[PDB]
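First up is the structure itself, then whatever we jot down about it.
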2 protein chains.
Amino acid sequence: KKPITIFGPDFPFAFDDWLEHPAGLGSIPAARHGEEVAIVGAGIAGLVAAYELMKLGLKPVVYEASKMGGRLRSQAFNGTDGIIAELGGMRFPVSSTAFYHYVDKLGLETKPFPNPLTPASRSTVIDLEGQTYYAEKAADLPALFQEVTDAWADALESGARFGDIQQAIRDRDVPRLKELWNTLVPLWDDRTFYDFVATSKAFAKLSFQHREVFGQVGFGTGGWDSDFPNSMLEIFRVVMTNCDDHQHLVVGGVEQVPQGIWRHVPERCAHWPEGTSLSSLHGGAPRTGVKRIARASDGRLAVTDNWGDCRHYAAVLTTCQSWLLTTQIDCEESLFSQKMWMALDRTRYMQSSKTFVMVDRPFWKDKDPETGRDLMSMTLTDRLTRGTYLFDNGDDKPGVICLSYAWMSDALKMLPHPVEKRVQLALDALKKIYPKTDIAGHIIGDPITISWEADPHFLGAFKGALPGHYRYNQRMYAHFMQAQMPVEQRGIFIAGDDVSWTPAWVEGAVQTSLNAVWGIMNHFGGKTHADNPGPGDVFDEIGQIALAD
Amino acid sequence: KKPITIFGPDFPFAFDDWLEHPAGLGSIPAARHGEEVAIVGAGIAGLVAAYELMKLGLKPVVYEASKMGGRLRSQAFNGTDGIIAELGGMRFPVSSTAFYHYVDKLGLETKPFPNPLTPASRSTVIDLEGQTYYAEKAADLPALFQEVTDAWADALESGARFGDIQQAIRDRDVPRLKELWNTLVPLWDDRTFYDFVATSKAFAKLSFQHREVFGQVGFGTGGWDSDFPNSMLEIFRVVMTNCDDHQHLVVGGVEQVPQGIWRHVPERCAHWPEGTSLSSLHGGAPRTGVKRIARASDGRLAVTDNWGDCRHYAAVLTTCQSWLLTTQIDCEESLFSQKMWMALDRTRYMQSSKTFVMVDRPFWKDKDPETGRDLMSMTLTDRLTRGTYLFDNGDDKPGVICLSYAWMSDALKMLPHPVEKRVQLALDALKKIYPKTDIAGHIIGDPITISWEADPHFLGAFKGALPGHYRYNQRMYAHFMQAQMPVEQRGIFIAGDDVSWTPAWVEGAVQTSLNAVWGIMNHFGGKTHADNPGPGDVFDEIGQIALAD
Ligand SMILES: Cc1cc2nc3c(=O)[nH]c(=O)nc-3n(C[C@H](O)[C@H](O)[C@H](O)COP(=O)(O)OP(=O)(O)OC[C@H]3O[C@@H](n4cnc5c(N)ncnc54)[C@H](O)[C@@H]3O)c2cc1C
Ligand SMILES: Cc1cc2nc3c(=O)[nH]c(=O)nc-3n(C[C@H](O)[C@H](O)[C@H](O)COP(=O)(O)OP(=O)(O)OC[C@H]3O[C@@H](n4cnc5c(N)ncnc54)[C@H](O)[C@@H]3O)c2cc1C
Ligand SMILES: NCCC[C@H](N)C(=O)O
Ligand SMILES: NCCC[C@H](N)C(=O)O
Ligand SMILES: NCCC[C@H](N)C(=O)O
Ligand SMILES: NCCC[C@H](N)C(=O)O
């Protein structure tokens, strides 16, 4: 059967085909070869754009204020080789075909992520209101859990034509997909996920506790409560494109994706000599953080770095999170329309924390000879840790444990606390769940934590779309299409997962980046090859519907 | 006409009458006079309770981990007398009768708060998408604003029987209020404010922009967007009890409320000698922060402070924000039912930042002879400052300007930034609005800022009730009623504005405190006088409806 992929629904362009086609993404007039384009941010969106623009014969100049990779960050533990904690993105749905294009291009290895109740996880434990349930398959759970699942399946089929939309995605039937999706847009933009859940037939006829347990742990594979306030359109996108199943981790860390793109030598670039990579073009490193972007008096865009160094470019791509164009960069107001500012400024970010330790061995696989149970499981709880994940690196390697992965309120619980207290709070919660398991005794190396909200170069883990934000996201996603733009707004571009329709998913950063590549190519008077048309060649036909004032 | 007051709707008890009645709040058996009751937190809820319990003949022992007054905090500027910035609560609706009972008791002076389009504000400026509107009265504003107001009035009357509910409040017609209110509870618990707005007839027939403007500035008297995700029941409570109009500030700072309660000598206490105040009972200061609460082997509650000192009490009231009973205090898990923990733990906190400067004089009242406009106005914008308030202390005193009062996303935009950058960001935004006004030149003293989310003794400005949180709030509000509780859960109490139905409003802290006074009196075998019945005497009859599982 044809795989589900992140194929629209908003802009069902085949990015994977565009990338794989042997003609390449297009071309730029030879007279513009070697011209510079500024790229703000060295995360996945900045680097994907830089890489493909280099291939088209431009000289991207990437600036990075903090760390290479942005929210793809894999921190090594003390003294180890190949043992990392994924601080940002960690579980990549195989529906992410644009992303996986680069993963494959680098020859990186992936393996199934130990999500609860999957073959990669031996066991799961749910702990709610002081009651603990062990499962090695879904059927092992109390009846309430299958009831929640059935009600969710049914609410999605009844309220979104889930099956029909997924079939259309499988077959890449664009006219059908748009018809279905475009029906849903004005009906669900303005409504929350919780409203979708509460007012569904399947859940309205169940107890409040079914809804509540759905929030805390779902049907035993993951909680939803942090996303309850979001526009249901966001959740539809996630489930319809299977963002929420068949996920892999990148072995050795996903940070190897941005780092590898930086160093990767394409077989063929336009203009550049053999052996050219982004790295070599920069002499090893991106430029420092950007402090200012303004229209210069020669018409170009002036980008000023932290040290006052000012350079001029025909085009500038920004990939930082949207608030940073006010908060961290002095970005001249007339460079975006007031409608674009409102979209960039009203956009909301979700908070997230993760706290990891390393352990001497995957001791959780040991059996409690009294009960038959693993000493420790993938843990979902209403306690402060919320989600605990177990990473097995082989019987003879240390294990890693994400003691707590938390979002929104539960992340904000940890905000002001240092790592020692984070870990202690988590161990004390996990001691309530597993009173007989000595986790502490196995812990080695250093403890690693993060709060994405705290960091001024991110002001959050990822966007979450509120009700009524469809029009904002539509403005942002379409910004790379500039033919109708006032001339004073042209030449600056945006990309990244906040521009995307699917914010907490790396595929959205990749796809928007590729749209910007097309926009920038076009800006330099370039164009796609006639046999491999690109995003902006079809955008007016199959792009996101616009809503009324 | 009889005033609107914060009279239910959930528990329409006449706290004001209770407080004012000459008999007093009740009594406790003489044998228990002088016994201690621990109070965690010296904000308004802890201090009200402590004050009323002292009057009944107990010895409250108040602990405070940080600053007296909690979220009633008035910081004096360098070198000045009587010139303060309100860092927490600042505008107290006159419908807050229990609160104003204590304000009057202390003889404190109040004056109308300079909200937009009131007599206390001379002018207001709205700045949206780069367009600026000046108004000295509502009619000065473009027609869109009156439309938004009409639609909101209409959505409230149509969807909530606002007029009826308000009449029932004016008349303190308890059966009618409850009938009207109880109808709304199951219908709106699970739905957001934005949903109520979008799906109203009045707004559904207006452009998206009408909704949007309503979020950003309302109808020209205040924005609603940070409250859009909350349960609509919360909002109903606000508007029905006039929390959102006729607001006063306390002259010299509202922190004079908690500080004067601490020092106030009642005419008559049971047991204590004349001249007794909370201060004199404590020898001048509350005890330090609490680190632990547990059941002791004598059957009392053990409270352990930061320095390891452990003291035992027949009753403990905690008034810190609910998360802190896991995050900051080791509070023995069996002291609360699991249902209670879940309420305490799931409760969500809103973020808030304010940044104030002092100016040499109220220069904003000067006229621009070219335009006839004030040099500066009460400012509502979509720019990052959001709301700017102007505080006139008289022509011959310095003025105070709250450069930016922001909530949620717009507060999170400032989170990691220091005060200098906060003030500069705000002055730059205000320069875009008022390009001809030199604010900087009038600024003297020190700048003052806060972010309530950042402080570990608060983990936010105040609760905001999410959809589906009615049951949690019902559990917490009712926790002072302990006759059916397991014995192990009795004797600990909670109060404060997160226990209340009206979280960002001081009256809710006062009303819950008073309930807990009742509970604690009852716990010590005391009771109200027959001619002045108290909260728990009528709670089972007029209390908040419970919802089904
Ligand atoms: C906690 C968490 C878990 C996640 N889990 C998943 C997952 O399981 N699966 C999945 O697919 N996706 C996941 N994601 C999302 C994925 O990681 C992102 O969508 C993607 O990494 C974002 O890429 P980006 O290039 O848009 O932005 P970023 O990586 O944010 O890149 C922007 C870069 O801009 C830089 N920058 C900022 N300001 C400046 C300045 N003034 N000058 C120069 N540079 C600047 C930043 O430092 C950063 O490096 C997760 C994200 C988080 C936060
Ligand atoms: C930014 C903001 C604006 C507001 N504006 C308004 C307004 O305009 N009008 C209005 O009516 N209301 C307003 N409020 C609400 C009002 O300020 C609150 O409702 C009220 O002050 C809350 O009082 P409380 O006693 O419940 O809690 P708190 O004031 O939080 O007091 C609890 C105390 O417990 C202490 N504590 C915490 N942990 C411990 C520990 N482990 N041991 C000992 N002590 C501890 C804290 O330090 C704190 O002093 C506002 C609040 C804020 C934050
Ligand atoms: N199970 C009830 C206690 C949960 C605890 N307050 C926590 O957040 O972990
Ligand atoms: N809404 C939960 C966050 C989604 C995130 N991409 C994750 O998979 O963890
Ligand atoms: N409306 C003009 C732009 C606003 C600017 N990004 C700000 O946050 O203030
Ligand atoms: N979040 C809106 C209410 C906040 C507060 N009571 C105020 O008037 O500022």
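Ligands are numbered from 1 in the order shown, residues from 1 within each chain, and chains are lettered A, B, ... in the order they appear in the structure tokens.
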Please identify every residue of chain B that has at least one atom no farther than 9 Å from an atom of chain A, counting only C-alpha atoms, and for each give the shortest atom pair and the distance in Å to one decimal, arranged by chain then increasing number, as CSV.
residue,atom,partner,partner_atom,distance
B:128,CA,A:338,CA,8.8
B:129,CA,A:338,CA,5.1
B:130,CA,A:338,CA,6.6
B:190,CA,A:195,CA,6.8
B:191,CA,A:195,CA,6.1
B:192,CA,A:192,CA,8.0
B:194,CA,A:467,CA,7.5
B:195,CA,A:191,CA,6.3
B:198,CA,A:190,CA,6.9
B:199,CA,A:190,CA,8.8
B:206,CA,A:549,CA,8.7
B:207,CA,A:549,CA,5.1
B:208,CA,A:549,CA,5.2
B:209,CA,A:549,CA,6.4
B:212,CA,A:468,CA,8.7
B:228,CA,A:467,CA,8.9
B:229,CA,A:229,CA,6.3
B:230,CA,A:229,CA,8.8
B:323,CA,A:413,CA,7.2
B:324,CA,A:413,CA,8.7
B:326,CA,A:384,CA,8.5
B:327,CA,A:413,CA,7.2
B:337,CA,A:129,CA,8.9
B:338,CA,A:129,CA,5.3
B:339,CA,A:129,CA,7.0
B:341,CA,A:129,CA,8.1
B:342,CA,A:129,CA,7.2
B:345,CA,A:384,CA,8.2
B:346,CA,A:409,CA,7.8
B:347,CA,A:409,CA,8.1
B:348,CA,A:409,CA,6.0
B:349,CA,A:409,CA,7.3
B:382,CA,A:342,CA,7.6
B:383,CA,A:345,CA,8.2
B:384,CA,A:345,CA,8.1
B:408,CA,A:348,CA,9.0
B:409,CA,A:348,CA,6.0
B:410,CA,A:346,CA,8.4
B:412,CA,A:459,CA,7.5
B:413,CA,A:459,CA,7.0
B:414,CA,A:327,CA,8.0
B:415,CA,A:454,CA,7.0
B:416,CA,A:454,CA,5.9
B:417,CA,A:456,CA,7.7
B:425,CA,A:327,CA,7.6
B:453,CA,A:412,CA,7.9
B:454,CA,A:416,CA,5.9
B:455,CA,A:416,CA,6.9
B:456,CA,A:416,CA,6.2
B:459,CA,A:413,CA,7.1
B:460,CA,A:412,CA,8.9
B:466,CA,A:229,CA,8.3
B:467,CA,A:194,CA,7.6
B:468,CA,A:194,CA,8.5
B:548,CA,A:208,CA,7.6
B:549,CA,A:207,CA,5.3
_Near-residue 394 of chain A list (8 Å; only C-alpha atoms; drop same-chain fewer than 4 positions) as a VMD selection string_ = chain A and resid 362 398 to 399
Quick one: everything within 12 Å of residue 82 of chain A, counting only C-alpha atoms, minus sequence neighbours fewer than 2 positions away in the same chain. Send it as a compact mmCIF listing (two decimals) with N, CA, C and O atoms, in the first residue's frame.
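Final output, saved to around_34.txt:
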# COMPACT_ATOMS: atom_id res chain seq x y z
N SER A 74 22.19 17.31 19.84
CA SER A 74 22.54 16.04 20.44
C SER A 74 23.77 16.17 21.38
O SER A 74 24.90 16.13 20.90
N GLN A 75 23.56 16.32 22.70
CA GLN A 75 24.67 16.59 23.63
C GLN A 75 25.30 15.31 24.11
O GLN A 75 24.62 14.43 24.66
N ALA A 76 26.61 15.19 23.94
CA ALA A 76 27.35 14.00 24.40
C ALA A 76 27.53 14.02 25.92
O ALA A 76 27.81 15.08 26.50
N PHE A 77 27.38 12.86 26.56
CA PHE A 77 27.70 12.72 27.99
C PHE A 77 29.21 12.68 28.24
O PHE A 77 29.95 12.14 27.42
N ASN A 78 29.64 13.17 29.41
CA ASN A 78 31.05 13.02 29.86
C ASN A 78 31.73 11.72 29.52
O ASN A 78 31.28 10.68 29.98
N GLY A 79 32.83 11.80 28.78
CA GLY A 79 33.76 10.70 28.62
C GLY A 79 33.38 9.64 27.63
O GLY A 79 34.17 8.72 27.40
N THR A 80 32.23 9.79 26.98
CA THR A 80 31.66 8.75 26.11
C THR A 80 31.91 9.03 24.64
O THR A 80 32.18 10.17 24.27
N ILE A 84 24.46 10.12 23.41
CA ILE A 84 23.96 11.49 23.38
C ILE A 84 22.55 11.61 23.95
O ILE A 84 21.83 10.64 24.08
N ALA A 85 22.20 12.81 24.34
CA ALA A 85 20.87 13.13 24.76
C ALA A 85 20.29 14.09 23.72
O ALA A 85 20.91 15.11 23.39
N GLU A 86 19.12 13.75 23.19
CA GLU A 86 18.50 14.57 22.18
C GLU A 86 17.76 15.67 22.87
O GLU A 86 16.70 15.41 23.46
N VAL A 250 17.83 9.08 15.04
CA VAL A 250 19.08 9.01 14.27
C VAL A 250 20.15 8.52 15.22
O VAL A 250 20.31 9.10 16.30
N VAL A 251 20.84 7.45 14.84
CA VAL A 251 21.83 6.82 15.72
C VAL A 251 23.06 7.71 15.74
O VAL A 251 23.56 8.09 14.69
N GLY A 252 23.50 8.04 16.94
CA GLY A 252 24.59 8.98 17.16
C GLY A 252 24.11 10.42 17.29
O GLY A 252 24.89 11.29 17.60
N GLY A 253 22.82 10.67 17.06
CA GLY A 253 22.21 11.96 17.29
C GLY A 253 21.80 12.61 15.99
O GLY A 253 22.52 12.54 15.00
N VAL A 254 20.61 13.23 16.01
CA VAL A 254 20.10 13.96 14.86
C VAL A 254 20.91 15.23 14.54
O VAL A 254 20.91 15.68 13.41
N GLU A 255 21.66 15.76 15.50
CA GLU A 255 22.54 16.89 15.22
C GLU A 255 23.49 16.56 14.05
O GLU A 255 23.94 17.48 13.33
N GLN A 256 23.77 15.27 13.81
CA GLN A 256 24.59 14.89 12.65
C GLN A 256 23.96 15.30 11.31
O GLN A 256 24.63 15.36 10.26
N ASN A 393 21.22 1.13 24.10
CA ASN A 393 22.30 1.21 23.11
C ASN A 393 23.02 -0.11 22.90
O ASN A 393 24.07 -0.15 22.27
N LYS A 397 26.62 -1.40 26.22
CA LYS A 397 26.82 0.05 26.16
C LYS A 397 26.01 0.69 27.27
O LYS A 397 25.09 0.07 27.80
N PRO A 398 26.35 1.93 27.66
CA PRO A 398 25.49 2.58 28.64
C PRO A 398 24.11 2.84 28.05
O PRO A 398 23.94 2.83 26.82
N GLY A 399 23.12 3.00 28.92
CA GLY A 399 21.78 3.32 28.47
C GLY A 399 21.57 4.78 28.74
O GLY A 399 22.32 5.38 29.56
N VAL A 400 20.58 5.36 28.07
CA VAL A 400 20.19 6.73 28.38
C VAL A 400 18.73 6.71 28.81
O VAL A 400 17.96 5.90 28.39
*Please give me, as a PyMOL selection string, the residues lying within 10 Å of ligand 6 when counting only C-alpha atoms and all ligand atoms.*
chain B and resi 88-93+115+222-228+230+235+238+243-245+247+350-352+405-408+461-464+502-506
*Can you pull out every residue within 8 Å of segment 485-494 of chain B, counting only C-alpha atoms, but drop anything in the same chain fewer than 3 positions away, and send it as a ChimeraX atom specification?*
/B:295,301,314-319,334-337,476,479-480,482,499,513,516,519-520,523
Grab the residues selected above and save them as a short mmCIF file (atom, residue, chain, number, x, y, z; two decimals), in the first residue's frame with N, CA and C atoms.
data_model
loop_
_atom_site.label_atom_id
_atom_site.label_comp_id
_atom_site.auth_asym_id
_atom_site.auth_seq_id
_atom_site.Cartn_x
_atom_site.Cartn_y
_atom_site.Cartn_z
N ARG B 295 2.36 14.47 58.40
CA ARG B 295 1.61 14.06 59.56
C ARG B 295 2.54 13.58 60.64
N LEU B 301 0.18 18.16 62.59
CA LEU B 301 0.92 18.32 61.35
C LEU B 301 2.24 18.96 61.72
N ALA B 314 -2.14 21.79 65.14
CA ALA B 314 -3.46 21.10 64.90
C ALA B 314 -4.03 21.36 63.53
N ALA B 315 -3.61 22.45 62.89
CA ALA B 315 -4.09 22.82 61.55
C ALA B 315 -3.05 23.62 60.79
N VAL B 316 -3.04 23.43 59.46
CA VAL B 316 -2.14 24.15 58.59
C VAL B 316 -2.95 24.65 57.41
N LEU B 317 -2.83 25.94 57.11
CA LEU B 317 -3.33 26.53 55.91
C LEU B 317 -2.16 26.84 54.99
N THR B 318 -2.24 26.37 53.73
CA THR B 318 -1.31 26.80 52.75
C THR B 318 -1.96 27.72 51.73
N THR B 319 -1.24 28.79 51.39
CA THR B 319 -1.74 29.77 50.47
C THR B 319 -0.79 30.04 49.27
N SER B 334 -0.08 11.72 51.25
CA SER B 334 -1.34 11.22 51.80
C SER B 334 -2.18 12.32 52.50
N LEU B 335 -1.65 13.53 52.57
CA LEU B 335 -2.41 14.64 53.18
C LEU B 335 -3.52 15.16 52.30
N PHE B 336 -3.43 14.89 50.99
CA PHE B 336 -4.44 15.24 50.01
C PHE B 336 -4.88 13.94 49.25
N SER B 337 -6.14 13.87 48.87
CA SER B 337 -6.62 12.76 48.10
C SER B 337 -5.97 12.89 46.73
N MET B 476 -11.08 21.93 44.79
CA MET B 476 -10.22 22.83 45.59
C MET B 476 -11.02 23.84 46.40
N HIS B 479 -12.53 22.17 49.42
CA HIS B 479 -11.64 21.40 50.31
C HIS B 479 -11.72 21.83 51.82
N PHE B 480 -12.17 23.04 52.09
CA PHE B 480 -12.36 23.51 53.53
C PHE B 480 -13.50 22.84 54.25
N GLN B 482 -14.69 19.55 55.38
CA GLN B 482 -13.95 18.32 55.65
C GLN B 482 -14.72 17.19 56.38
N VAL B 499 -7.37 28.91 44.42
CA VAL B 499 -8.49 28.15 44.96
C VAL B 499 -9.83 28.80 44.47
N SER B 513 -9.86 32.60 51.54
CA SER B 513 -9.24 32.69 52.85
C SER B 513 -10.30 32.56 53.93
N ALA B 516 -11.59 29.28 54.48
CA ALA B 516 -10.67 28.44 55.23
C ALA B 516 -10.69 28.87 56.70
N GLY B 519 -13.52 26.82 58.06
CA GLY B 519 -13.04 25.46 58.18
C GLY B 519 -12.12 25.22 59.38
N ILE B 520 -11.16 26.10 59.57
CA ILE B 520 -10.25 25.97 60.67
C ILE B 520 -10.97 26.21 62.02
N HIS B 523 -12.66 23.22 62.72
CA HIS B 523 -11.70 22.14 63.01
C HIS B 523 -11.34 22.21 64.45
#
*Counting only C-alpha atoms, which of B:186, B:103, B:156, B:263 gets nearest to residue 204 of chain A?*
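Closest candidate: B:186.
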*Please indicate the distance in Å from atom CA of residue 30 of chain A to atom CA of residue 527 of chain A, rounded to one decimal place.*
12.3 Å
*Show which residues sit within 12 Å of residue 155 of chain B, as a ChimeraX atom specification. Count only C-alpha atoms, and ignore same-chain residues fewer than 4 positions away.*
/B:147-151,159-163,193-205,236
Can you write just those residues out, C-alpha atoms, as a JSON list (two decimals), in the first residue's frame?
[["chain", "number", "residue", "atom", "x", "y", "z"],
["B", 147, "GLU", "CA", -19.27, 47.54, 16.35],
["B", 148, "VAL", "CA", -16.98, 45.31, 18.41],
["B", 149, "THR", "CA", -18.52, 46.66, 21.64],
["B", 150, "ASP", "CA", -22.06, 46.13, 20.36],
["B", 151, "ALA", "CA", -21.25, 42.63, 19.28],
["B", 159, "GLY", "CA", -25.28, 33.52, 25.23],
["B", 160, "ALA", "CA", -25.31, 34.07, 28.98],
["B", 161, "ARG", "CA", -28.42, 35.99, 30.04],
["B", 162, "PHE", "CA", -26.06, 38.61, 31.30],
["B", 163, "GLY", "CA", -28.73, 41.20, 32.23],
["B", 193, "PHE", "CA", -13.60, 32.28, 25.44],
["B", 194, "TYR", "CA", -12.43, 32.51, 21.81],
["B", 195, "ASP", "CA", -15.06, 29.85, 20.89],
["B", 196, "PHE", "CA", -17.75, 31.79, 22.69],
["B", 197, "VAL", "CA", -16.65, 34.87, 20.72],
["B", 198, "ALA", "CA", -16.26, 33.24, 17.28],
["B", 199, "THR", "CA", -19.52, 31.24, 17.45],
["B", 200, "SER", "CA", -21.58, 34.15, 18.77],
["B", 201, "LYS", "CA", -24.11, 35.49, 16.24],
["B", 202, "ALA", "CA", -22.87, 39.07, 16.65],
["B", 203, "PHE", "CA", -19.22, 38.18, 15.82],
["B", 204, "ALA", "CA", -19.89, 35.42, 13.29],
["B", 205, "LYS", "CA", -21.48, 38.04, 11.04],
["B", 236, "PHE", "CA", -18.44, 35.10, 32.50]]
_Between atom CA of residue 40 of chain A and atom CA of residue 23 of chain A, what distance in Å does the model show, to one decimal?_
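Computed distance, atom CA of residue 40 of chain A to atom CA of residue 23 of chain A, equals 28.1 Å.
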_If I take atom CA of residue 477 of chain B and atom CA of residue 501 of chain B, how far is one from the other in Å, to one decimal?_
7.9 Å
*Looking only at strand (DSSP E) from DSSP on the backbone, list the matching residues of segment 30-104 of chain B as an MDAnalysis selection string.*
chainID B and resid 36:40 59:63 74:76 84:86 92:93
_DSSP-assigned helix (DSSP H, G or I) members of segment 204-262 of chain B, reported as a PyMOL selection string_ = chain B and resi 204+208-217+225-227+232-240+256-262
_A:522, A:509, A:344, A:390 ranked by distance to ligand 5, top pick (using only C-alpha atoms and all ligand atoms)_ =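 Comparing A:522, A:509, A:344, A:390 against ligand 5, the winner is A:344.
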*Would you please work out which residue, of B:54, B:167, B:518, B:48, is nearest to residue 539 of chain B when using only C-alpha atoms?*
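Using only C-alpha atoms, the shortest distance to residue 539 of chain B belongs to B:518.
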Tell me, as a PDB file with C-alpha atoms, in the first residue's frame, which residues lie within 9 Å of residue 177 of chain A, counting only C-alpha atoms; anything in the same chain fewer than 2 positions away does not count.
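Output contents, as saved in result.pdb:
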ATOM      1  CA  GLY A   8       0.016  18.891   2.331  1.00  0.00           C
ATOM      2  CA  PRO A   9      -2.707  18.915   3.195  1.00  0.00           C
ATOM      3  CA  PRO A  12       0.424  19.169  -1.265  1.00  0.00           C
ATOM      4  CA  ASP A 164     -10.867   9.639   2.964  1.00  0.00           C
ATOM      5  CA  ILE A 165      -8.140  12.256   3.597  1.00  0.00           C
ATOM      6  CA  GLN A 166      -5.546   9.613   4.306  1.00  0.00           C
ATOM      7  CA  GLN A 167      -6.470   7.704   1.112  1.00  0.00           C
ATOM      8  CA  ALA A 168      -6.045  10.902  -0.858  1.00  0.00           C
ATOM      9  CA  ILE A 169      -2.629  11.413   0.730  1.00  0.00           C
ATOM     10  CA  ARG A 172      -1.345  11.905  -3.889  1.00  0.00           C
ATOM     11  CA  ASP A 173      -4.776  12.763  -5.297  1.00  0.00           C
ATOM     12  CA  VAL A 174      -4.386  16.516  -5.072  1.00  0.00           C
ATOM     13  CA  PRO A 175      -7.816  17.643  -6.186  1.00  0.00           C
ATOM     14  CA  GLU A 179     -11.497  19.466  -1.542  1.00  0.00           C
ATOM     15  CA  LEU A 180     -11.684  17.514   1.688  1.00  0.00           C
ATOM     16  CA  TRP A 181      -9.122  19.687   3.481  1.00  0.00           C
ATOM     17  CA  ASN A 182     -10.571  22.928   2.296  1.00  0.00           C
TER      18      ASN A 182
END
